[PDB]
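Undergrad: One structure, as structure tokens, below. Some questions next.
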Amino acid sequence: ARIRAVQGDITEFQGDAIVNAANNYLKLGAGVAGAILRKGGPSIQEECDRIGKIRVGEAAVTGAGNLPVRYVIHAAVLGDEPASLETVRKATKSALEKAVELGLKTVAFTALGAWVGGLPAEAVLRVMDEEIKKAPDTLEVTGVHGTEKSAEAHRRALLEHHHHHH
Ligand code: NA
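The structure is reproduced here in structure tokens:
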């Protein structure tokens, strides 16, 4: 599946959906997540409550509130257990399967850069990418970076990839 890389606000992504890294209890915290709750609205966390706990590595779909997308796909990367490049690969494929299930066409993930927290940012991007490139080409995946710097580097990695087909 294709990948575009841009600096910007994920809350301002226009498309079928946006993927939200989450804890398996579906409790949206601060930072980007809270921003999604803010711009999105109460209804999002409400649906997350209706669903309840899920497994780390799995995904859950939710309406996107006032956001310019139809759904918000929640992918549990941690909660019952710490986040790992292992739990991320899973949360990604899981979110990618939901996208396919709902017949989505334009989905956007977020590249937290230095805000990745526990795992080495570069490696998380790699793992997420590996999974995405396996997803159906009926998808148009967009990586939204917080900084232009990290986005440009990502694009260069995407170019270096094409040019060689690593
Ligand atoms: Na994401």
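Take the sequence shown: its letters are residues 2 to 167, numbered as in the authors' numbering. Cβ coordinates follow ideal geometry from the N, Cα and C atoms, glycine included.
#1: Where does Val117 sit, in a helix, a strand or coil, going by DSSP?
#2: Measuring alpha carbon to alpha carbon, tell me which of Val62, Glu123, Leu113 ends up nearest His146.
#3: With distances taken from CA atoms, which of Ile4, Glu87, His155, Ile45 is nearest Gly119?
#4: Going by DSSP, which residues form a beta bridge with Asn24?
#5: Return the chain-ordered ranges of every beta strand (DSSP E) run that is complete within the segment 30-80 and spans a minimum of 3 residues.
#6: Provide the residue span of the beta strand (DSSP E) that contains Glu141, from first to last.
#7: For the candidate residues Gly64, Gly53, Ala84, whose alpha-carbon lies nearest to that of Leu27?
#8: With hydrogens ignored, establish whether the beta-carbon of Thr111 is closer than 7 Å to any heavy atom of ligand 1.
#9: Specify, as a first and last residue, the run of the alpha helix (DSSP H) that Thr93 falls within.
#10: Would you give the residue range spanned by the beta strand (DSSP E) that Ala6 belongs to?
#11: So what's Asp130 in DSSP terms, helix, strand or just coil?
TA: Looking at the coordinates:
#1: coil
#2: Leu113
#3: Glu87
#4: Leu79
#5: 60-64, 70-79
#6: 141-146
#7: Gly53
#8: yes
#9: 86-102
#10: 3-8
#11: helix
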